[PDB]
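Worksheet for the structure shown next.
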Amino acid sequence: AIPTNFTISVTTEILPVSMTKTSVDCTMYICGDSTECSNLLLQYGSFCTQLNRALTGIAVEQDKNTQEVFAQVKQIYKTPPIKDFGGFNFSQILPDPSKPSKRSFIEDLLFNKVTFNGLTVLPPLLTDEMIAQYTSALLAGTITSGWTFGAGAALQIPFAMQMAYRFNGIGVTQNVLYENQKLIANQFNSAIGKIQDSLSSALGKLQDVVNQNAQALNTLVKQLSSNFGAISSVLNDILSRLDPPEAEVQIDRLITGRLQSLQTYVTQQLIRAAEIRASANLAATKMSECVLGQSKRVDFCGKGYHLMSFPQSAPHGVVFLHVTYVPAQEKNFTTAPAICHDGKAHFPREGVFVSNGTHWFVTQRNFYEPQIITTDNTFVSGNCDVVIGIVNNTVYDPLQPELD
Amino acid sequence: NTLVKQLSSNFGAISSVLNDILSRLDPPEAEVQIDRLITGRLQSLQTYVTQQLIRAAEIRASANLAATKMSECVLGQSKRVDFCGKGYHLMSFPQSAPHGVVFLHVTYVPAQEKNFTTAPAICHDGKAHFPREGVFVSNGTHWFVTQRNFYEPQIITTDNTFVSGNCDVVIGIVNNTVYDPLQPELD
Amino acid sequence: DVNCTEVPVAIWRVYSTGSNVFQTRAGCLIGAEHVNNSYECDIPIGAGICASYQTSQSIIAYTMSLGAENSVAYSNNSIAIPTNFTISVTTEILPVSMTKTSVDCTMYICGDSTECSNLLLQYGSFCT
Ligand SMILES: *[C@@H]1O[C@H](CO)[C@@H](O)[C@H](O)[C@H]1NC(C)=O
Ligand SMILES: *[C@@H]1O[C@H](CO)[C@@H](O)[C@H](O)[C@H]1NC(C)=O
Ligand SMILES: *[C@@H]1O[C@H](CO)[C@@H](O)[C@H](O)[C@H]1NC(C)=O
Ligand SMILES: *[C@@H]1O[C@H](CO)[C@@H](O)[C@H](O)[C@H]1NC(C)=O
Ligand SMILES: *[C@@H]1O[C@H](CO)[C@@H](O)[C@H](O)[C@H]1NC(C)=O
Ligand SMILES: *[C@@H]1O[C@H](CO)[C@@H](O)[C@H](O)[C@H]1NC(C)=O
Ligand SMILES: *[C@@H]1O[C@H](CO)[C@@H](O)[C@H](O)[C@H]1NC(C)=O
Ligand SMILES: *[C@@H]1O[C@H](CO)[C@@H](O)[C@H](O)[C@H]1NC(C)=O
């Protein structure tokens, strides 16, 4: 069976990249204003230093993630002003002048769908303005320059002409693009409409990170109130109702109990950070290959044959649009491994032999385009007798009229 | 270093060094004092192991990456953009380091450039001609076909191009004459 | 997380007040002067601000650039073809192992006491 039509499809993929940078002061969490709490804590020593050497390890990693997904480029490309892209209407995904932050429409439709006792929250190094600036460069690069701006200096090429190369990479001949340019553009511009619809309806991968990294802090602050088996949870009460020579044991218990909860929370941070790192690396490799190139890697860049991708920014994460080629509407055919001619066995150079029971033809593998069999489509390498399934026929010669 | 310093912490025991307690106090009082140091020391030891397990778990990912990069960059060329270094990839030479490995990647980079006019196809005897591999470029007067990555022009032969359909459908096309190299010799 | 109005109340000798002070979203930055130019990020501060040491030599803090800028010459009938090339060599660094540490928990906790062992067997398997 050989397919005879196709549909361009656009598919969506969503990835987390950073959790919120946070920090805790060991002493302001464990103690109130009590000095004796501090002086008893000084009996335990170094733990209140390691807990910051731990959390600061996470805080810098959360920069180096966002730094490394996005900064593949050092040259902010302007978009051309004239939107001549041969029928493609990217106005959904480009930035626009009027918005109070220069996020695209597809980004603003997205941004909406996502929602003290020493606890401190540190801003990120990059702002959402800087992030959205970078992605506007990756769009401008890929639309005007193909892959070349990834490999080196950016070489301009017409968009409707680069699509021919992207088709050539999947074994479809360029005539199949140029004879159909109008129809293909309509399929594309239609599919972007479904993304606006579907996005308007789904961010669970992103949304639940914001949930868990709040919920753990709520657990940590609630855990202040526990008695831990002390006589009460307020240090002033301990220090007033009982003399220090014995209130010492109550304080020592309540410090030990509280400390255990911080010593757990810091590990429940680290083990998550170690998963977000694996996600940032996967997103980095997806961007390096599927956006700045074209990749043969089956189903790595979304379902189907891959053509191109566009990145779009999101809070704490990134979203891709993968544009893919899907074959459809196929017909059955008779086939044979080889043709027998004047006693000698012909094989096709690239395509495959088919017959509609009535005539014999050769056609490329992935899009029905039958042709006359010639000694220029084929090469010869033996007698007919040796290969199974050979079929007798005749090979036309364009050099035969050239007898004159 | 942190783990050795933790031996000096007293955890509310009478003294840091056990031999001080275990000399100056009798068993039934020592046995309620030494009990604290053990709990303090264990918890410092427990924390250390939980740190080593995570750093091991992350180095394992780096070693597993390097083995992927060696197989796909040294024992062969690979076309994964930016995997074997920036640019187009040619070969790589490994070198060793203390606790590590260091690659040298060898990469080709296109440099000087010039602007040209170009057209999707040639319209000939009412028949369109497409290039087999290169792209058509004009220097503003003559029309050539050239490979994509390095300017090296050639005449529009009957044998670089192939034909498919009439001139009517292709949006951008320029009328131009294709050359048949057999035409003289065939006489 | 301190408004610059409040900072003097805790105080280091010069920088109590009376000095260059620069409010930022990251906080109150003092002892460095703001500049309208932009550069690459020498040292990070936060929220798009980076700091550097510069020549009169002083510390300056500035909105970091994202690098340079240029347009791309795009037409619907024009193309650019490279006419020359250069080979290049680059080094990538990967860690592969760390030290094989090993620890004897009985020696560490108890030294050479026997009694400290006789206590430790209250706790069971941990030293295994
Ligand atoms: C292929 O699909 C397109 C879009 O639905 C349609 O316009 C065209 O007529 C189809 N052609 C065939 C071979 O059915
Ligand atoms: C195809 O299979 C049938 C049934 O096994 C057999 O009779 C026939 O000879 C085969 N033909 C080819 C092309 O080998
Ligand atoms: C092709 O013709 C030859 C000679 O007549 C014959 O031996 C052979 O069986 C034929 N093969 C087929 C596939 O008809
Ligand atoms: C184009 O190249 C040909 C090479 O033979 C040369 O004769 C011609 O003058 C060139 N034209 C322009 C405008 O550069
Ligand atoms: C090519 O020639 C035909 C017939 O004269 C004409 O209609 C067409 O516009 C010409 N195209 C160009 C690009 O000169
Ligand atoms: C600092 O305090 C002044 C006076 O109340 C106020 O006007 C200003 O907005 C405050 N700035 C910040 C960063 O809160
Ligand atoms: C480019 O677009 C303009 C406006 O549609 C058109 O006049 C011109 O012929 C086009 N050029 C080519 C060769 O595509
Ligand atoms: C290409 O670059 C090399 C090395 O710099 C130089 O020797 C040579 O002249 C250049 N050739 C061209 C065509 O620019």
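We label chains A, B, ... in the order they appear in the structure tokens, count residues from 1 in each chain, and number ligands from 1 in the order shown.
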
List all protein, DNA and RNA residues that have an atom no more than 9 Å from any atom of ligand 5, counting only C-alpha atoms and all ligand atoms, and report them as a ChimeraX atom specification. /B:123-124,126,167,172-176

Would you tabulate, counting only C-alpha atoms, all residues of chain C that have an atom at most 10 Å from an atom of chain B, showing the closest pair of atoms and their distance in Å to one decimal, sorted by chain then ascending number, as JSON lines?
{"residue": "C:73", "atom": "CA", "partner": "B:115", "partner_atom": "CA", "distance": 9.8}
{"residue": "C:75", "atom": "CA", "partner": "B:117", "partner_atom": "CA", "distance": 9.7}
{"residue": "C:76", "atom": "CA", "partner": "B:118", "partner_atom": "CA", "distance": 9.0}
{"residue": "C:77", "atom": "CA", "partner": "B:118", "partner_atom": "CA", "distance": 5.5}
{"residue": "C:78", "atom": "CA", "partner": "B:117", "partner_atom": "CA", "distance": 4.5}
{"residue": "C:79", "atom": "CA", "partner": "B:116", "partner_atom": "CA", "distance": 5.3}
{"residue": "C:80", "atom": "CA", "partner": "B:115", "partner_atom": "CA", "distance": 4.6}
{"residue": "C:81", "atom": "CA", "partner": "B:113", "partner_atom": "CA", "distance": 5.6}
{"residue": "C:82", "atom": "CA", "partner": "B:113", "partner_atom": "CA", "distance": 4.2}
{"residue": "C:83", "atom": "CA", "partner": "B:151", "partner_atom": "CA", "distance": 5.2}
{"residue": "C:84", "atom": "CA", "partner": "B:112", "partner_atom": "CA", "distance": 5.3}
{"residue": "C:85", "atom": "CA", "partner": "B:110", "partner_atom": "CA", "distance": 4.3}
{"residue": "C:86", "atom": "CA", "partner": "B:109", "partner_atom": "CA", "distance": 5.3}
{"residue": "C:87", "atom": "CA", "partner": "B:108", "partner_atom": "CA", "distance": 4.6}
{"residue": "C:88", "atom": "CA", "partner": "B:107", "partner_atom": "CA", "distance": 5.2}
{"residue": "C:89", "atom": "CA", "partner": "B:106", "partner_atom": "CA", "distance": 4.9}
{"residue": "C:90", "atom": "CA", "partner": "B:105", "partner_atom": "CA", "distance": 5.3}
{"residue": "C:91", "atom": "CA", "partner": "B:104", "partner_atom": "CA", "distance": 4.8}
{"residue": "C:92", "atom": "CA", "partner": "B:103", "partner_atom": "CA", "distance": 5.4}
{"residue": "C:93", "atom": "CA", "partner": "B:102", "partner_atom": "CA", "distance": 4.9}
{"residue": "C:94", "atom": "CA", "partner": "B:101", "partner_atom": "CA", "distance": 5.7}
{"residue": "C:95", "atom": "CA", "partner": "B:100", "partner_atom": "CA", "distance": 4.5}
{"residue": "C:96", "atom": "CA", "partner": "B:100", "partner_atom": "CA", "distance": 4.8}
{"residue": "C:97", "atom": "CA", "partner": "B:99", "partner_atom": "CA", "distance": 5.2}
{"residue": "C:98", "atom": "CA", "partner": "B:99", "partner_atom": "CA", "distance": 6.6}
{"residue": "C:99", "atom": "CA", "partner": "B:99", "partner_atom": "CA", "distance": 8.5}
{"residue": "C:101", "atom": "CA", "partner": "B:52", "partner_atom": "CA", "distance": 9.5}
{"residue": "C:103", "atom": "CA", "partner": "B:45", "partner_atom": "CA", "distance": 9.8}
{"residue": "C:105", "atom": "CA", "partner": "B:45", "partner_atom": "CA", "distance": 8.3}
{"residue": "C:108", "atom": "CA", "partner": "B:41", "partner_atom": "CA", "distance": 8.6}
{"residue": "C:109", "atom": "CA", "partner": "B:41", "partner_atom": "CA", "distance": 6.4}
{"residue": "C:110", "atom": "CA", "partner": "B:38", "partner_atom": "CA", "distance": 8.2}
{"residue": "C:111", "atom": "CA", "partner": "B:18", "partner_atom": "CA", "distance": 9.0}
{"residue": "C:112", "atom": "CA", "partner": "B:19", "partner_atom": "CA", "distance": 9.9}
{"residue": "C:113", "atom": "CA", "partner": "B:19", "partner_atom": "CA", "distance": 8.6}
{"residue": "C:115", "atom": "CA", "partner": "B:31", "partner_atom": "CA", "distance": 8.8}
{"residue": "C:116", "atom": "CA", "partner": "B:34", "partner_atom": "CA", "distance": 7.4}
{"residue": "C:117", "atom": "CA", "partner": "B:38", "partner_atom": "CA", "distance": 10.0}
{"residue": "C:119", "atom": "CA", "partner": "B:35", "partner_atom": "CA", "distance": 7.4}
{"residue": "C:120", "atom": "CA", "partner": "B:38", "partner_atom": "CA", "distance": 7.7}
{"residue": "C:123", "atom": "CA", "partner": "B:39", "partner_atom": "CA", "distance": 9.7}
{"residue": "C:126", "atom": "CA", "partner": "B:42", "partner_atom": "CA", "distance": 8.7}
{"residue": "C:127", "atom": "CA", "partner": "B:42", "partner_atom": "CA", "distance": 9.1}

Please produce a file of the residues just selected, as a compact mmCIF listing (two decimals), in the first residue's frame, where the atoms kept are C-alpha atoms.
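Output below, filename part-v4.txt:
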# COMPACT_ATOMS: atom_id res chain seq x y z
CA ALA C 73 18.05 40.57 5.80
CA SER C 75 13.42 38.91 1.17
CA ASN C 76 11.27 36.34 -0.71
CA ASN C 77 13.75 35.82 -3.61
CA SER C 78 17.21 36.21 -2.05
CA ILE C 79 19.70 33.83 -0.44
CA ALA C 80 23.19 33.79 1.11
CA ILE C 81 25.75 31.07 0.33
CA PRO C 82 29.01 30.61 2.28
CA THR C 83 32.19 31.00 0.25
CA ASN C 84 34.77 29.88 2.84
CA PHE C 85 35.07 27.86 6.01
CA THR C 86 37.17 27.38 9.11
CA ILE C 87 37.86 24.30 11.21
CA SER C 88 37.60 24.71 14.98
CA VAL C 89 38.43 22.73 18.11
CA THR C 90 36.59 22.77 21.45
CA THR C 91 37.00 21.00 24.80
CA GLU C 92 34.21 19.52 26.95
CA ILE C 93 34.82 18.45 30.56
CA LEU C 94 32.95 15.60 32.26
CA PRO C 95 33.32 14.13 35.77
CA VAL C 96 33.35 10.36 35.96
CA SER C 97 34.13 9.20 39.49
CA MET C 98 34.51 10.30 43.08
CA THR C 99 36.63 8.96 45.92
CA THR C 101 35.28 6.48 50.99
CA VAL C 103 33.96 4.23 57.35
CA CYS C 105 31.09 3.04 62.51
CA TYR C 108 34.11 6.27 65.11
CA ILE C 109 31.41 6.27 67.77
CA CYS C 110 33.17 4.37 70.53
CA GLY C 111 36.93 4.53 69.95
CA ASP C 112 38.27 1.63 71.99
CA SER C 113 35.68 1.48 74.77
CA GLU C 115 31.10 -0.20 77.33
CA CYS C 116 30.12 2.10 74.48
CA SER C 117 29.68 -1.04 72.41
CA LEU C 119 25.35 0.40 74.85
CA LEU C 120 25.35 0.38 71.05
CA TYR C 123 20.29 0.14 68.82
CA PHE C 126 22.53 0.66 62.36
CA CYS C 127 26.28 0.04 62.36

Selection as a list in words: residues within 9 Å of ligand 6 by only C-alpha atoms and all ligand atoms: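 The neighbouring residues of ligand 6 are, in order, residues 1, 2, 3, 4, 5, 6, 23, 24, 25, 27 and 28 of chain C.
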
Could the residues in this selection be saved with N, CA and C atoms as an mmCIF file, in the first residue's frame?
data_model
loop_
_atom_site.group_PDB
_atom_site.id
_atom_site.type_symbol
_atom_site.label_atom_id
_atom_site.label_comp_id
_atom_site.auth_asym_id
_atom_site.auth_seq_id
_atom_site.Cartn_x
_atom_site.Cartn_y
_atom_site.Cartn_z
ATOM 1 N N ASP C 1 15.490 41.750 51.989
ATOM 2 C CA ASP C 1 14.059 42.114 52.182
ATOM 3 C C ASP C 1 13.951 43.306 53.137
ATOM 4 N N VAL C 2 14.740 44.358 52.896
ATOM 5 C CA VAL C 2 14.722 45.560 53.785
ATOM 6 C C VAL C 2 14.558 46.820 52.931
ATOM 7 N N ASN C 3 13.525 47.628 53.198
ATOM 8 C CA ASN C 3 13.385 48.927 52.483
ATOM 9 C C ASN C 3 14.607 49.767 52.852
ATOM 10 N N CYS C 4 15.147 50.547 51.910
ATOM 11 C CA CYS C 4 16.389 51.260 52.229
ATOM 12 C C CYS C 4 16.186 52.249 53.368
ATOM 13 N N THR C 5 14.955 52.679 53.630
ATOM 14 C CA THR C 5 14.721 53.565 54.764
ATOM 15 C C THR C 5 15.082 52.926 56.101
ATOM 16 N N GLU C 6 14.944 51.613 56.222
ATOM 17 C CA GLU C 6 15.162 50.947 57.500
ATOM 18 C C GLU C 6 16.600 50.505 57.743
ATOM 19 N N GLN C 23 17.933 51.138 45.597
ATOM 20 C CA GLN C 23 16.839 50.199 45.788
ATOM 21 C C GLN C 23 16.608 49.348 44.552
ATOM 22 N N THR C 24 16.458 48.040 44.758
ATOM 23 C CA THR C 24 16.176 47.101 43.682
ATOM 24 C C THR C 24 15.108 46.128 44.152
ATOM 25 N N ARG C 25 14.524 45.397 43.200
ATOM 26 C CA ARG C 25 13.603 44.332 43.579
ATOM 27 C C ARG C 25 14.295 43.270 44.408
ATOM 28 N N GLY C 27 16.577 43.989 46.553
ATOM 29 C CA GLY C 27 16.708 44.567 47.866
ATOM 30 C C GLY C 27 17.352 45.933 47.802
ATOM 31 N N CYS C 28 17.869 46.349 48.951
ATOM 32 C CA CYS C 28 18.595 47.600 49.054
ATOM 33 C C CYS C 28 20.083 47.334 48.902
#

Please give me, as a ChimeraX atom specification, the residues lying within 9 Å of ligand 1 when counting only C-alpha atoms and all ligand atoms. /A:4-7,183-184,186-187,328-330

What's around residue A:155 at 7 Å? Count only C-alpha atoms, leave out sequence neighbours fewer than 5 positions away in its own chain, and write the answer as an MDAnalysis selection string. (chainID A and resid 145 148:149) or (chainID C and resid 80)

Got time to write the residues from that selection, N, CA, C and O atoms, as a PDB file, in the first residue's frame?
ATOM      1  N   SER A 145      16.111  31.583   8.869  1.00  0.00           N
ATOM      2  CA  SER A 145      17.461  31.078   8.660  1.00  0.00           C
ATOM      3  C   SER A 145      17.603  29.568   8.748  1.00  0.00           C
ATOM      4  O   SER A 145      18.707  29.058   8.545  1.00  0.00           O
ATOM      5  N   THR A 148      20.765  27.048  10.157  1.00  0.00           N
ATOM      6  CA  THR A 148      22.129  27.541  10.000  1.00  0.00           C
ATOM      7  C   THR A 148      22.544  28.468  11.128  1.00  0.00           C
ATOM      8  O   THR A 148      23.733  28.558  11.445  1.00  0.00           O
ATOM      9  N   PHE A 149      21.597  29.167  11.742  1.00  0.00           N
ATOM     10  CA  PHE A 149      21.968  30.055  12.829  1.00  0.00           C
ATOM     11  C   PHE A 149      22.373  29.298  14.074  1.00  0.00           C
ATOM     12  O   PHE A 149      22.988  29.886  14.965  1.00  0.00           O
TER      13      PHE A 149
ATOM     14  N   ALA C  80      21.766  33.662   0.807  1.00  0.00           N
ATOM     15  CA  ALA C  80      23.188  33.790   1.107  1.00  0.00           C
ATOM     16  C   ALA C  80      23.893  32.443   1.154  1.00  0.00           C
ATOM     17  O   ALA C  80      23.424  31.525   1.826  1.00  0.00           O
TER      18      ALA C  80
END

Would you list which chain A residues are within 6 Å of chain B using only C-alpha atoms, as a ChimeraX atom specification? /A:43-44,151,178-179,289

Could you write out that same residue set with C-alpha atoms as an mmCIF file, in the first residue's frame?
data_model
loop_
_atom_site.group_PDB
_atom_site.id
_atom_site.type_symbol
_atom_site.label_atom_id
_atom_site.label_comp_id
_atom_site.auth_asym_id
_atom_site.auth_seq_id
_atom_site.Cartn_x
_atom_site.Cartn_y
_atom_site.Cartn_z
ATOM 1 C CA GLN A 43 25.509 22.494 72.105
ATOM 2 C CA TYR A 44 24.419 20.768 68.898
ATOM 3 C CA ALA A 151 25.602 25.917 13.319
ATOM 4 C CA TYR A 178 5.907 23.317 -4.733
ATOM 5 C CA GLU A 179 2.841 21.975 -6.522
ATOM 6 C CA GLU A 289 17.782 19.066 18.424
#

As a PyMOL selection string, please: every protein or nucleic acid residue near ligand 2 (cut-off 10 Å, counting only C-alpha atoms and all ligand atoms). chain A and resi 335-337+387-391

Requested write-out: N, CA and C atoms of the selected residues, as an mmCIF file, in the first residue's frame:
data_model
loop_
_atom_site.group_PDB
_atom_site.id
_atom_site.type_symbol
_atom_site.label_atom_id
_atom_site.label_comp_id
_atom_site.auth_asym_id
_atom_site.auth_seq_id
_atom_site.Cartn_x
_atom_site.Cartn_y
_atom_site.Cartn_z
ATOM 1 N N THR A 335 3.141 -5.643 -6.421
ATOM 2 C CA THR A 335 4.546 -5.274 -6.479
ATOM 3 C C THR A 335 5.409 -6.481 -6.807
ATOM 4 N N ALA A 336 6.648 -6.203 -7.220
ATOM 5 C CA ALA A 336 7.635 -7.234 -7.451
ATOM 6 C C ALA A 336 9.019 -6.724 -7.089
ATOM 7 N N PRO A 337 9.884 -7.569 -6.532
ATOM 8 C CA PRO A 337 11.244 -7.124 -6.205
ATOM 9 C C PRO A 337 12.039 -6.576 -7.367
ATOM 10 N N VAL A 387 17.140 -14.449 -8.996
ATOM 11 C CA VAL A 387 16.412 -13.748 -7.943
ATOM 12 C C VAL A 387 14.949 -14.161 -7.962
ATOM 13 N N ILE A 388 14.426 -14.474 -6.778
ATOM 14 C CA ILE A 388 13.042 -14.890 -6.622
ATOM 15 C C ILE A 388 12.096 -13.738 -6.928
ATOM 16 N N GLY A 389 10.945 -14.072 -7.505
ATOM 17 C CA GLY A 389 9.874 -13.122 -7.700
ATOM 18 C C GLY A 389 10.068 -12.170 -8.848
ATOM 19 N N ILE A 390 11.130 -12.339 -9.624
ATOM 20 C CA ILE A 390 11.366 -11.556 -10.826
ATOM 21 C C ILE A 390 10.137 -11.648 -11.720
ATOM 22 N N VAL A 391 9.844 -10.569 -12.457
ATOM 23 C CA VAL A 391 8.701 -10.582 -13.422
ATOM 24 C C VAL A 391 9.201 -10.068 -14.778
#

Could you list, as JSON, numbers by chain, all residues that come within 6 Å of ligand 4? Count only C-alpha atoms and all ligand atoms. {"B": [139, 140, 141, 142]}

Residues as selected, C-alpha atoms, written as a PDB file, in the first residue's frame, can you do that?
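Heads up, here's the output in out-v2.pdb:
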ATOM      1  CA  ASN B 139      24.736  36.531  -9.903  1.00  0.00           C
ATOM      2  CA  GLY B 140      22.231  38.959 -11.411  1.00  0.00           C
ATOM      3  CA  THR B 141      22.558  37.886 -15.045  1.00  0.00           C
ATOM      4  CA  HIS B 142      23.344  34.183 -15.481  1.00  0.00           C
TER       5      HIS B 142
END

Minimum-distance residue to chain C, chosen among A:291, A:161, A:106, A:301 (using only C-alpha atoms):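 Nearest to chain C: A:161.
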